[PDB]
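**Student:** Handing you this structure, nothing more for now.
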Amino acid sequence: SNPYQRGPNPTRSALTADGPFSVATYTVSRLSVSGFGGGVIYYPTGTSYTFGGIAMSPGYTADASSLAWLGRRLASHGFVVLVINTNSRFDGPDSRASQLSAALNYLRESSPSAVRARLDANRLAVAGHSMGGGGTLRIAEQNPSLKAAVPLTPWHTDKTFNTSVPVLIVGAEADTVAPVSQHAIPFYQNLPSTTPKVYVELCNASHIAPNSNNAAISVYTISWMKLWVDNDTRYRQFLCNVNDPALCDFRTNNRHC
Ligand code: NA
């Protein structure tokens with residue numbers, strides 16, 4: 001049952017560290033691609049399987065190296081992950097959406113053959129930090145063929161996204177760049193009530209929390225990607241009946257349980 005199932009039955013511990021797949025990396029040079037600023041692909045190796053893909057955007061003024069840990073973390077749990085650089089580090093959220101869109105096409109059509117051979121391009125998802133998270137919401141609304149969207153400490157001036165793509169948002173309690181009351185929470189509460197949606201808020205975290213190894217971000221991102229990109233119900237346990245001391249708020253419409 002479930003052709004997309006990969007890796008062992010999960011434990012909470014296992015989801016806070018790199019997973020069972022060896023990871024290869026490929027550098028996409030900035031000038032080799034029109035449509036986005038290049039980036040790094042983290043993808044499984046030593047294996048005959050194919051896996052879903054994820055395009056992931058860094059935040060305002062940031063480089064792809066800022067999410068390198070999470071690009072590696074997700075790939076080692078069984079995903080082909082492209083962390084982009086933006087055409088300009090000053091690009092806003094909707095520009096970032098367009099570049100994720102280009103990056104997804106690139107993964108499908110133009111990435112190296114060793115990458116393409118590991119990818120099932122029928123199963124794609126998006127994630128992003130800050131302004132990259134605002135881009136993540138925009139593209140989920142523009143392109144509902146995406147399997148999941150994970151905005152991290154997201155920023156956008158538009159507060160309503162009418163998308164059917166399952167969304168999990170990570171807010172940071174002490175975030176002063178994109179305050180959760182202005183940004184993350186309105187995004188959560190304005191998504192359609194028929195869309196599977198989860199909001200998690202990190203206790204005592206600021207806007208830079210996604211920029212380094214973070215256990216909660218690791219668990220909830222892996223779990224959401226696994227549940228929706230791989231249809232993997234072994235991961236519902238981390239997302240249902242949640243009682244997590246790391247969190248200072250949790251909201252859900254419970255469609256995923
Ligand atoms: Na709080």
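By convention here, the chains of the structure tokens are called A, B, ... in the order presented, each chain's residues are numbered starting at 1, and ligands are numbered starting at 1 in the order presented.
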Counting only C-alpha atoms and all ligand atoms, what are the residues, protein, DNA or RNA alike, that approach ligand 1 to within 6 Å? I want them as number ranges by chain.
**Tutor:** A: 173, 248-249
**Student:** Excluding residue 104 of chain A and residues on its chain fewer than 2 positions from it, collect all residues at most 12 Å away from it, counting only C-alpha atoms, and give them as JSON, numbers by chain.
**Tutor:** {"A": [35, 36, 38, 41, 52, 53, 54, 55, 56, 57, 80, 81, 82, 83, 84, 97, 98, 99, 100, 101, 102, 106, 107, 108, 109, 110, 111, 116, 119, 120, 121, 122, 123, 124, 125, 126, 127, 139, 143, 145, 146]}
**Student:** If you keep C-alpha atoms, can you produce a file of those selected residues as a short mmCIF file (atom, residue, chain, number, x, y, z; two decimals), in the first residue's frame?
**Tutor:**
```cif
data_model
loop_
_atom_site.label_atom_id
_atom_site.label_comp_id
_atom_site.auth_asym_id
_atom_site.auth_seq_id
_atom_site.Cartn_x
_atom_site.Cartn_y
_atom_site.Cartn_z
CA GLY A 35 13.66 33.15 -14.57
CA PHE A 36 15.59 32.77 -11.27
CA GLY A 38 20.26 29.71 -9.76
CA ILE A 41 19.83 21.11 -5.53
CA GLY A 52 8.69 14.30 -4.91
CA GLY A 53 10.39 17.65 -5.51
CA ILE A 54 10.35 20.89 -3.49
CA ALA A 55 11.35 24.41 -4.60
CA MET A 56 12.32 26.61 -1.66
CA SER A 57 12.92 30.41 -1.49
CA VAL A 80 14.64 16.42 -4.52
CA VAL A 81 15.04 19.97 -3.15
CA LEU A 82 16.02 23.10 -5.11
CA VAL A 83 16.88 26.08 -2.82
CA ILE A 84 16.96 29.11 -5.16
CA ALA A 97 6.59 33.36 -6.42
CA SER A 98 7.44 33.75 -10.15
CA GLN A 99 10.95 32.48 -9.55
CA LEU A 100 9.75 29.39 -7.62
CA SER A 101 7.50 28.80 -10.66
CA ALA A 102 10.54 28.97 -12.96
CA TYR A 106 13.63 23.86 -14.34
CA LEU A 107 13.55 20.85 -12.00
CA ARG A 108 11.07 19.07 -14.36
CA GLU A 109 12.68 19.93 -17.72
CA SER A 110 16.27 21.13 -17.44
CA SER A 111 18.03 19.83 -14.31
CA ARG A 116 15.79 14.04 -13.14
CA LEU A 119 12.45 13.01 -9.38
CA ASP A 120 8.76 12.24 -9.83
CA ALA A 121 7.66 15.60 -11.29
CA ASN A 122 4.02 14.67 -10.75
CA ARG A 123 4.55 15.38 -6.99
CA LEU A 124 5.85 18.90 -6.30
CA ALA A 125 5.78 21.31 -3.35
CA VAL A 126 7.05 24.73 -2.23
CA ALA A 127 8.46 26.32 0.94
CA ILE A 139 2.34 30.40 -5.98
CA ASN A 143 -0.82 26.93 -9.20
CA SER A 145 -1.40 21.43 -8.79
CA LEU A 146 1.20 21.77 -5.98
#
```
**Student:** Among segment 4-241 of chain A, which ones does DSSP place in strand (DSSP E), written as a PyMOL selection string?
**Tutor:** chain A and resi 22-28+39-45+51-57+80-84+119-129+149-152+167-172+197-202
**Student:** Enumerate as a PyMOL selection string all residues of segment 1-244 of chain A assigned to helix (DSSP H, G or I) by DSSP on the backbone, naming them with the chain letters and numbers the document uses.
**Tutor:** chain A and resi 14-16+30-32+64-76+93-109+113-116+131-142+184-190+209-211+215-229+233-238
**Student:** Could you give me, as a PyMOL selection string, the residues within 12 Å of residue 158 of chain A, counting only C-alpha atoms and dropping anything in the same chain fewer than 2 positions from it?
**Tutor:** chain A and resi 92-94+131+134-135+137-138+141+154-156+160-162+182-184+186-187+190-191
**Student:** Per residue of segment 28-136 of chain A within 12 Å of segment 200-212 of chain A, record the nearest atom pair and its distance in Å to one decimal, counting only C-alpha atoms, with rows in chain order and ascending residue number, as CSV.
**Tutor:**
```
residue,atom,partner,partner_atom,distance
A:57,CA,A:210,CA,11.7
A:58,CA,A:211,CA,9.0
A:59,CA,A:211,CA,9.5
A:60,CA,A:207,CA,11.2
A:62,CA,A:211,CA,9.7
A:63,CA,A:211,CA,10.4
A:64,CA,A:211,CA,10.1
A:65,CA,A:211,CA,8.9
A:66,CA,A:211,CA,5.3
A:67,CA,A:211,CA,5.9
A:68,CA,A:211,CA,8.5
A:69,CA,A:212,CA,6.7
A:70,CA,A:212,CA,8.1
A:71,CA,A:211,CA,11.2
A:72,CA,A:212,CA,11.9
A:73,CA,A:212,CA,11.2
A:127,CA,A:210,CA,11.3
A:128,CA,A:210,CA,9.4
A:129,CA,A:210,CA,6.9
A:130,CA,A:207,CA,7.6
A:131,CA,A:207,CA,11.0
A:132,CA,A:210,CA,11.6
A:133,CA,A:210,CA,11.1
```
**Student:** Could you please take those selected residues and save C-alpha atoms as a compact mmCIF listing (two decimals), in the first residue's frame?
**Tutor:**
```txt
# COMPACT_ATOMS: atom_id res chain seq x y z
CA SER A 57 12.92 30.41 -1.49
CA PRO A 58 15.14 32.26 1.03
CA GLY A 59 14.03 35.55 2.60
CA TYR A 60 14.50 39.28 1.84
CA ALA A 62 19.12 36.43 1.87
CA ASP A 63 21.12 33.81 -0.06
CA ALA A 64 20.18 30.17 -0.60
CA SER A 65 22.97 29.24 1.86
CA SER A 66 20.61 30.50 4.59
CA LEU A 67 18.37 27.45 4.09
CA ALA A 68 21.13 25.00 3.22
CA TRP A 69 20.56 23.04 6.44
CA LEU A 70 16.88 22.52 5.67
CA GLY A 71 17.49 21.74 1.96
CA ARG A 72 19.86 19.00 3.13
CA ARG A 73 17.51 17.89 5.93
CA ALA A 127 8.46 26.32 0.94
CA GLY A 128 10.08 29.60 1.84
CA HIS A 129 11.49 31.91 4.49
CA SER A 130 9.88 35.30 5.19
CA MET A 131 9.31 37.05 1.89
CA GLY A 132 10.06 33.64 0.30
CA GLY A 133 7.10 32.34 2.44
```
**Student:** How many Å separate atom CA of residue 40 of chain A from atom CA of residue 152 of chain A?
**Tutor:** 19.0 Å
**Student:** Show me, as JSON lines, the residues of segment 175-220 of chain A having an atom within 9 Å of segment 7-30 of chain A, each with the closest atom pair and its distance in Å, using only C-alpha atoms.
**Tutor:**
```
{"residue": "A:213", "atom": "CA", "partner": "A:16", "partner_atom": "CA", "distance": 8.7}
{"residue": "A:214", "atom": "CA", "partner": "A:16", "partner_atom": "CA", "distance": 7.8}
{"residue": "A:215", "atom": "CA", "partner": "A:16", "partner_atom": "CA", "distance": 5.1}
{"residue": "A:216", "atom": "CA", "partner": "A:16", "partner_atom": "CA", "distance": 7.7}
{"residue": "A:217", "atom": "CA", "partner": "A:16", "partner_atom": "CA", "distance": 8.7}
{"residue": "A:218", "atom": "CA", "partner": "A:16", "partner_atom": "CA", "distance": 5.7}
{"residue": "A:219", "atom": "CA", "partner": "A:15", "partner_atom": "CA", "distance": 5.2}
{"residue": "A:220", "atom": "CA", "partner": "A:15", "partner_atom": "CA", "distance": 8.7}
```
**Student:** Using only C-alpha atoms, find the one residue out of A:252, A:113, A:231, A:86 that sits nearest to residue 193 of chain A.
**Tutor:**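 Ranked by minimum distance to residue 193 of chain A, first place goes to A:252.
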**Student:** Which of these residues is nearest to residue 167 of chain A, using only C-alpha atoms: A:115, A:198, A:185, A:33?
**Tutor:**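 Under the stated criterion, the closest residue is A:198.
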**Student:** Calculate how many Å separate atom CA of residue 194 of chain A from atom CA of residue 257 of chain A, rounding to one decimal.
**Tutor:**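 Taking atom CA of residue 194 of chain A as the start and atom CA of residue 257 of chain A as the end point, the length is 13.7 Å.
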**Student:** Just the number, please: distance in Å from atom CA of residue 163 of chain A to atom CA of residue 79 of chain A, one decimal.
**Tutor:**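 These two atoms are separated by 23.0 Å.
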**Student:** Looking at A:165, A:153, A:148, A:192, which one is nearest to residue 223 of chain A, with distances taken over only C-alpha atoms?
**Tutor:**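 Checking each of A:165, A:153, A:148, A:192 against residue 223 of chain A, counting only C-alpha atoms, the winner is A:148.
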